[PDB]
Amino acid sequence: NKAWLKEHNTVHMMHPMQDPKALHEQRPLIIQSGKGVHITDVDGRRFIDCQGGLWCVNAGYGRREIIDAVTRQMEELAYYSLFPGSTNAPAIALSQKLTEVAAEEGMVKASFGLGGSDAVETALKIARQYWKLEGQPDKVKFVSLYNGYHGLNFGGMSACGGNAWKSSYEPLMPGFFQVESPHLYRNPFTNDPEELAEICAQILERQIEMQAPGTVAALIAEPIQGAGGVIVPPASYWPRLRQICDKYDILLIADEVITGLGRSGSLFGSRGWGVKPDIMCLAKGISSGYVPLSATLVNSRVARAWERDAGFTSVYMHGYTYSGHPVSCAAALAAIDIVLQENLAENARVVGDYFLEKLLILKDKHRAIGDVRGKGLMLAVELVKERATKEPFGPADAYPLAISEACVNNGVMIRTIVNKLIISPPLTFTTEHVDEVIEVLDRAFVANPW
Amino acid sequence: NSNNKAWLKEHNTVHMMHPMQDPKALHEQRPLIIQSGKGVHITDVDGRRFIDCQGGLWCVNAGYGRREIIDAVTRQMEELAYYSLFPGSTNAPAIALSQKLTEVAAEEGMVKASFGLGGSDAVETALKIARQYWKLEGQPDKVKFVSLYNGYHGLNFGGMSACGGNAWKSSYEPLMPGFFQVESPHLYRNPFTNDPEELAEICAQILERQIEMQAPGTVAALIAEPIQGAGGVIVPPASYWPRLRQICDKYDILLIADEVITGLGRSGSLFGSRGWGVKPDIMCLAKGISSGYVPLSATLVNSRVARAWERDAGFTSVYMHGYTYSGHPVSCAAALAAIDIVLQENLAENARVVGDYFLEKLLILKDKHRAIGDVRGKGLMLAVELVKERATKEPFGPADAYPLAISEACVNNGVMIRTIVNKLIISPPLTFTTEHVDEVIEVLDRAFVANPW
Amino acid sequence: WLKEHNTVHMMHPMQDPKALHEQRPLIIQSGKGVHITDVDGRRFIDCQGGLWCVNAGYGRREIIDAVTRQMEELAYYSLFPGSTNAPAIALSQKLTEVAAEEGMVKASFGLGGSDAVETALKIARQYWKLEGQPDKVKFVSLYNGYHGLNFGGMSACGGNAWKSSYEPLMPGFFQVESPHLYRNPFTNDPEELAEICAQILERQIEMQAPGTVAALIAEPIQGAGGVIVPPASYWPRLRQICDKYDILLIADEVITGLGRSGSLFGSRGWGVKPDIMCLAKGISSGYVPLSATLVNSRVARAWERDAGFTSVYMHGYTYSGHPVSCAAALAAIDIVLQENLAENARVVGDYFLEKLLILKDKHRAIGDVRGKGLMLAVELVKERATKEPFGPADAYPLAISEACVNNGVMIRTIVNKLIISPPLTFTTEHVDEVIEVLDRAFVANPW
Amino acid sequence: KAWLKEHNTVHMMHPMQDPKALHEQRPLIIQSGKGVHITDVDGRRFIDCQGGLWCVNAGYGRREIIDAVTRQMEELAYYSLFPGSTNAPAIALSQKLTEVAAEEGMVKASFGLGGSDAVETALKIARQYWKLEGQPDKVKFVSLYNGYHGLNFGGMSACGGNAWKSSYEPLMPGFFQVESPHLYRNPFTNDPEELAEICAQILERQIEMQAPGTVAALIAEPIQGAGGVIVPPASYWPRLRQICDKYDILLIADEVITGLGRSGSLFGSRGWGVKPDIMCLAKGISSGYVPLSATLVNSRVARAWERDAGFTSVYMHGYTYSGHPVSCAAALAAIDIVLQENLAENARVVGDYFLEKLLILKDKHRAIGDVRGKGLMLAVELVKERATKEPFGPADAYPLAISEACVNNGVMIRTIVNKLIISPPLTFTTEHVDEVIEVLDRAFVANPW
Ligand SMILES: *Cc1c(COP(=O)(O)O)cnc(C)c1O
């Protein structure tokens, strides 16, 4: 019951991303239930969930379609592997559905996992094996971007573009390099986004040339950087990435764990930039968070390498016990059907557009707002101590937490990443939900002048 | 489409990268599409029924069709499908499961749980915890990991780097620096001795000497399975793990017990390490922790480890690890129900007893059939190792036909047993009975009779 | 047994063995002043200065006699536990004297630039372990940097030519944009280029987390990278950055050390005091192999900590402090100081660069001319508007080089760049001779 | 002379030492050498059992080498082997080395300046070789416990003792060290033939575990020097050659000490009847008169570069002073001395005599746990108790007491922890042996244990 849960909250847990010392006195809310876009804690406090779980409950809470798919599959066959000798029906169905839905990008095969970190890990392993199959085993290095976030296994962590995720676990993998990215609001080059895109592309090219292209396997990048603070690159940037990868003969890995299946207002973030990656990483929203599932998709160029007469090198020696878990796959199938039938990519585009417009008005109103960024239903409000210098609030400062808490205490679940308020609701959000959130945020800023 | 047999058959493997396999092989040799499971049996799309000696993949420990787990899952999914343990929030099944796991592993001294989704995550988490632990304790040079020949620790770059068989490693090199593997006490294939106690002591001394060579001040942890699973069901001598604990105490490195297979009963004790009377510093759990019904893993730590975060160490004491689906309320609901099943039906004891019986019956098979070079087991993990000649122990290769013939003769007579190279692997649900044992042994015997060597 | 065995039993440095079957190198037999003579009596002005190293010229009785006298007295004894030797002690004091402006108080000896760099890298790592920050293990360096050939130095190089055949190299070595005005994607303003490259360096350090970074290593003027002189503001910014992020500044002075760039040290030429300095090549005028890695008081004092085994310096080669090498270096350093060759390099190099700019005006193939003191390069391009370089396979640069060699001037190429690094005793008359021959080479090979 | 004493250690980073120790315990300033004797600045004369540092193999004051050096420096002090040029002493020395190492199949030399350079060169050569042969995954190096392979990052990563490694971590990925057949200290057996076979099988299984397709080479010393003069069983190195052949990895012989005679054969590998793929030489190659190293390769390795492989066939290695004409002139004179005076045979005979005398000493004094030697490479290992083989630690006084008694009675012998190391010039005589043995005997008598 409630008292037991409150007593035991955090005591036997290593909570992600937190210092356990802070949790002795500052206990997290015990979220008890969800319906639609709202969540309710054990004490009955109700919120609009602007976190959307954690960028993943894209279809909303309480979807009977997914619950029923999960129950029926688990009643019939709770588990069987895709390891030598067997497969299962939901995994087959989901594999075909994914090659269908990502046909535009040229995806022809799926490798399943359980979350975004393993989707990324799978992608990195695939790239290395691909080049060994292609008779270029020196191609082993990975390039990624400043502010990129690619998950927490040693591979993805080595590919991350912020040291916060890396420093305590060093030394990380050799051969991982990060380069300047087109973050307009904080860059040393220019206030022109097209010039910024081009200078960042050329920096990337010159680092690749420095490494020797014959030693580089792939570039990995998010179409829109999520955990790095919702950084939307200039539209010319990703086409340049595709050109650079073609030029130096390295793979383009699109980390679509957040942008996959609609959030940024296109069915894929790459598609939103009109770019076809070689490899795509999907997780989070692909199952609406109801059951863990990830998928790494590859194109024919990549897949055909395993059709070489290469002996043991053509054995795909990867894949997790729960790869293709039939309950995961059932959930993912129902969620993708919802995404398509209700055109949540378009709803994200429109409601996200409206949301972004209202935030821009809010920015003019409240001096602590240094920057507002968004595409579809991924948005961030960046708070600064001084607009002229763009000096950020530190993790230690109180103001971001004050704004967050004023929202939370008035029924709007918005949390921070350092100095940035992050907005990533379910893709079923309405303009009315937007107006509610904007009203509460406005009141929060009014009550906390800067 | 998930109910359309001819569709399933025509799209089987076409759009998928199957684990551990050459896609060239799958155009003509199509895997069985398993459609349903009940108890210890599974049924394919064509209605063929099998005793599932794979136990899914060492993980359906409670059996198929368990209403307890199904209902727990449904009810939790109706209430709250998901919410994170990230700054600001938690959920009730995650709190409950964290407390349950520390209770069940009280004997080993486990006080905190870090959740993930599968064994590879559990291992990666253990490795990250060890490195951060030693930075917290003011010894940041302690970064190296030692593991064992034939060890399997999953497939992310960390775990893969810790594996003791190159099959999982070579296509993805170069792997992580600072991972070293040493001689392990594999009685059937070792260059030292036919005496198991002498083998344990020599392997212990070899380990010590490699640690000393690395300099202990650069080594963070030893990782090892209480009984090696994918390496081919290799049961160490009883003295080995107590020596491992002693070696770790002597050199001041952490002992990580990879219990992804042995955790929660399969080897005939609730934990493999407990089976050896050893308390690890960190325990990796997955697979059977949820009976395979929903992906879940847990990495447990003792007080010694957890308290390193209880210091003013600035940003070094922020645990910057944890997966989006860490603590998934549905996964945790499933794991709570499976653990209640394991405890209430004493599946650790059933694994112990029925496994002892299974191993005895396997020795009869070894007596009759020349190709069986070795039979191994503890609790309900067993292997039958096939060799071309017993005097030399020359193994069948992955390319050879005999192991596969024995397997197919079983599958075609209602017994799902597959191979890892030259070894037939047996890891059924822990609810297996002695009568199930005899059914499988009769089928296996007939397979060997039909395939003389 | 010389022309018949030339290259036959040899793995020649920096070369494709396929090329050596087709055309064999000149067997150089003798040297005098700034001239060299081959086995057939062909005489050349040596614009290579051996290999950036015969800084005092050939045939210096001062150095030859120092060497003979020492080898007659004591050919060798080590600096290992229990022993030392006199020339090593003397050279130690001389180096701390000469580099007093930079704050250098200790030297670790070696045999060449690669070991000097390896020594600096090991010192930096051990320093941070002594200072209680063992996570500080990564190294940052510059595009076009050249830091020798052992695995550390090779890892630190900023050109892939030295790297790709030996991969995978050391983890934790990162290279960043450097201010090469002639070829950069940012600006043609050198002050703006210096500042943008400094900010790029800062942001890469921050990306790595400064607590994982040990040191920056850089050449005051980049040599093998093609004689790239940075803007004057750049190195003060490097010192500022290293102070801000608490990483060591390693100055690779293997070429610029002891006068070639027109200051006794390149870092001095920029008014910057490094934490660690690498010296080789010209330190002994190439007469006997010798290198020295110097450290300041900040670095040295870390070993005075009660740190147990961490404070044992487990580095140093058999021939560290070789008495003959040290005697040769003492004589060469005396010559550098006695004849003020740093000032001569400054003045005659200024003159050389002026003459080269006139040549640039005259001949379309010269895209850029660069120099500081007596390190100069003429960079040849297929079209100046695009700066398209000649490739290693192209004939024109080798044609110019061969016309010089066939007219008594030893100038070789680094790809599309003619490199000039003569002895520091070079005169304006030597300059005019070389310039006339170069001019006729261009006239005879019109572009 | 007074200035030498005042500035001793003051401006210097002394190898292998804590600088705090050097403020008060100053090293002896060695001033001159003749024959096998050295003299310090105070006129104290010593028999140099260090042979400089395993390197003054022809003795001190050799007119042949001094004159070769002087005349060469008089003619041409330096010119490079870099694109466009070469020099005569370099050509001559390459041919001489290919002739002297003909038995081993050595056909090409890449020159350097010291043993660390020779090892680094071997490692780079191996990696580039396998890339040329179309197997670029072959990058890992296996070496032996107690192996010493110099101090650059590659060689340091290959070392088999952590003392050289821990202060500079993290070292290179892909370097692995295995059990070696050190009879005196091993967990397996007191039978050397059995020890050789078990260590060979441990090496095989580690290679197999790594996957042979990822391993470039094994590097090992025919007799381990800095690790404490560890002589392997005679069967071991033939097994090493068999293993390298079986798994298709290169065998690198680190002959920096054993090269050119010290162990009683012209090469240690020859002493074991084994032909390596790559050989590392330094130290004695020039009798220590001028810094020089050479890395030799056989036809198997060399032919890889004769391929149309584009840039991969460019040897982008070689130091400024590779093939330094003065160094090469010195080495040619030193090799001439080694051959004409058959110093390999003298090392064999006088070393066997030396080892016999040391065994008598072991019978005499309980502090001696073990005596080891081949040719003029010998060690006396001191232990606090023979039954347990408990060593003296670096902190203990007894080994230093024995060493100081020898030094104070005219015999220059130093320690590596608990081991007295003996490596005199290869011109050592039986008379010299008896001189040293008398002094050592009295040192032990004066310091009973
Ligand atoms: C002494 C030694 C080295 C070190 O060589 P340096 O000349 O000191 O660089 C390397 N390898 C072996 C086998 C040695 O004996």
Side-chain angles (χ1 to χ4, degrees), chain A residues 7-16 20 23, chain B residues 61 85 90 93-119 121-134 136-137 153 220-227 241-242 244-245 248-249 253-267 269-290 296-310 319 321-322 326-327 331-332 335-336 338-340 342-343 348:
Chain A
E7 184 169 34
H8 289 96
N9 184 2
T10 72
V11 303
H12 305 110
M13 296 260 216
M14 297 193 246
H15 274 268
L23 293 175
Chain B
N61 288 12
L85 281 36
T90 186
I95 297 167
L97 182 58
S98 66
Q99 195 281 330
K100 188 56 164 186
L101 285 169
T102 61
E103 184 168 295
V104 162
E107 179 149 341
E108 290 69 39
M110 299 300 115
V111 298
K112 294 214 162 189
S114 192
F115 292 111
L117 288 309
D121 293 346
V123 165
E124 216 82 348
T125 296
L127 299 176
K128 287 183 73 173
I129 284 170
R131 286 224 173 149
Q132 185 169 24
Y133 172 82
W134 288 116
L136 281 170
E137 292 293 306
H153 304 302
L222 166 70
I223 184 168
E225 301 156 79
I227 296 85
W241 267 71
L244 295 188
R245 176 73 273 172
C248 290
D249 293 352
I253 67 173
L254 302 179
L255 178 58
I256 306 172
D258 187 344
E259 298 253 11
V260 166
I261 289 168
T262 56
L264 298 163
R266 181 167 292 278
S267 73
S269 180
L270 203 57
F271 298 101
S273 45
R274 188 179 296 184
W276 301 130
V278 166
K279 303 178 182 191
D281 296 292
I282 305 173
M283 308 178 67
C284 305
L285 304 177
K287 284 184 178 106
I289 192 173
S290 64
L296 184 73
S297 77
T299 305
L300 309 183
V301 308
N302 67 10
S303 291
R304 178 233 183 131
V305 173
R307 75 179 177 249
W309 276 260
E310 301 281 342
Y319 188 56
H321 186 57
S326 286
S331 299
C332 290
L336 284 162
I339 292 165
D340 273 359
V342 166
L343 293 177

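Chain identifiers are assigned alphabetically (A, B, ...) following the order of the sequence lines, protein sequences preceding nucleic acid strands; residue numbering begins at 1 within each chain. Heavy atoms only: backbone and side chains are in, while hydrogens, waters and symmetry mates are out.
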S.K.: For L254(B) and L222(B), what are the C-alpha separation, side-chain angles and deciding distance, and is it a side chain to side chain contact (heavy atoms under 4.5 Å, CB included)?
M.R.: CA-CA 6 Å; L254(B) 302 179; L222(B) 166 70; over 6 Å; no
S.K.: Please round to the nearest 0.5 Å and tell me the distance separating atom CD1 of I95(B) and atom CG of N9(A).
M.R.: 4.0 Å
S.K.: Looking at every non-hydrogen atom in both residues, tell me the closest pair between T299(B) and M14(A) and how far apart they are.
M.R.: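 Taking every non-hydrogen atom into account, O-CE, 4.2 Å.
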S.K.: If you round to the nearest 0.5 Å, how far is CG of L255(B) from CD1 of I282(B)?
M.R.: 9.0 Å
S.K.: How long is the straight-line distance from OG of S98(B) back to CD of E103(B), given to the nearest 0.5 Å?
M.R.: 11.0 Å
S.K.: Would you list the pairs meeting salt bridge (charged side-chain N to carboxylate O under 4.0 Å, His left out) in which at least one residue belongs to residues 299-309 of chain B, sequence neighbours left out?
M.R.: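 Output for this query lists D252(B)-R304(B), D281(B)-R304(B).
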S.K.: I want to check something: taking the side chain as every heavy atom from C-beta on, are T125(B) and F115(B) in contact at a cut-off of under 4.5 Å?
M.R.: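 In short, these two side chains do not touch, never coming nearer than 4.5 Å.
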S.K.: Are the side chains of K100(B) and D340(B) in touch, meaning some heavy atoms are under 4.5 Å apart?
M.R.: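 Answer yes - side chains close enough.
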S.K.: Check salt bridge (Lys or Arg N to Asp or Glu O under 4.0 Å) between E310(B) and all other residues, then give those that pass, not counting sequence neighbours.
M.R.: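 None.
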S.K.: Do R266(B) and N61(B) have side chains that approach each other closer than 4.5 Å (heavy atoms only, starting at C-beta)?
M.R.: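 When only atoms from C-beta onward are counted, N61(B) and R266(B) do touch, with a gap below 4.5 Å.
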S.K.: For the residue pair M13(A) and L85(B), establish whether any side-chain heavy-atom pair is separated by less than 4.5 Å.
M.R.: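 Yes, their side chains come closer than 4.5 Å.
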S.K.: For a quick test of reading the model, state the closest non-hydrogen atom pair linking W309(B) to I129(B) and the distance between them.
M.R.: CH2-O, 3.7 Å
S.K.: Is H12(A) close to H8(A) at the side-chain level, that is, under 4.5 Å between some pair of heavy atoms?
M.R.: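 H8(A) vs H12(A): side chains touch.
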S.K.: I would like to know whether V123(B) and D258(B) meet side chain to side chain contact (heavy atoms under 4.5 Å, CB included); could you show each step before the answer?
M.R.: CA-CA 7 Å; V123(B) 165; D258(B) 187 344; 3.6 Å; yes
S.K.: Please check if the side chain of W241(B) supplies one atom and the backbone of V278(B) the other of a donor-acceptor pair under 3.5 Å.
M.R.: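 No; judged by distance alone, with no hydrogens or angles, the pair does not exist.
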S.K.: Has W276(B) got a side-chain atom pairing as donor or acceptor with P226(B)'s backbone, closer than 3.5 angstrom?
M.R.: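 Indeed, once roles are kept as given, a pair shorter than 3.5 Å links the two residues.
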S.K.: On a heavy-atom basis, which atom in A286(B) and which in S297(B) lie closest, and how many Å separate them?
M.R.: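 Nearest heavy atoms, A286(B) then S297(B): CB-CB, 3.6 Å.
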S.K.: What distance do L270(B) atom CG and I339(B) atom CD1 have between them, rounded to the nearest 0.5 Å?
M.R.: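 Output value for this atom pair is 9.0 Å.
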S.K.: Give the minimum heavy-atom separation between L336(B) and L97(B), together with the two atoms involved.
M.R.: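 Taking every non-hydrogen atom into account, CD2-CA, 3.8 Å.
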S.K.: How long is the gap from NZ on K112(B) to OG1 on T102(B), to the nearest 0.5 Å?
M.R.: 10.5 Å
S.K.: Could you give the distance from CG (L136(B)) to CZ (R131(B)), rounded to the nearest 0.5 Å?
M.R.: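 Atom-to-atom, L136(B):CG and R131(B):CZ are 14.0 Å apart.
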S.K.: For residues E259(B) and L285(B), report the shortest heavy-atom separation together with the two atoms involved.
M.R.: CB-CD2, 3.5 Å
S.K.: Evaluate side chain to side chain contact (heavy atoms under 4.5 Å, CB included) for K279(B) paired with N302(B), printing each intermediate quantity in order.
M.R.: CA-CA 9 Å; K279(B) 303 178 182 191; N302(B) 67 10; over 6 Å; no
S.K.: Step by step, would you call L300(B) with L101(B) a side chain to side chain contact (heavy atoms under 4.5 Å, CB included)?
M.R.: CA-CA 8 Å; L300(B) 309 183; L101(B) 285 169; 4.2 Å; yes
S.K.: Apply the side-chain contact (heavy atoms from CB on, under 4.5 Å) test between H153(B) and each candidate in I256(B), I223(B), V260(B); give the one that qualifies.
M.R.: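 Only one option passes, and that is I223(B).
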S.K.: Restricting to non-hydrogen atoms, name the atom on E108(B) and the atom on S273(B) that form the minimum distance, rounded to 0.1 Å.
M.R.: CG-OG, 4.4 Å
S.K.: Taking the six-membered ring for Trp, are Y319(B) and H321(B) parallel (under 30°), tilted (30 to 60°) or perpendicular (over 60°)?
M.R.: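 Geometry flag for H321(B) against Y319(B): perpendicular rings.
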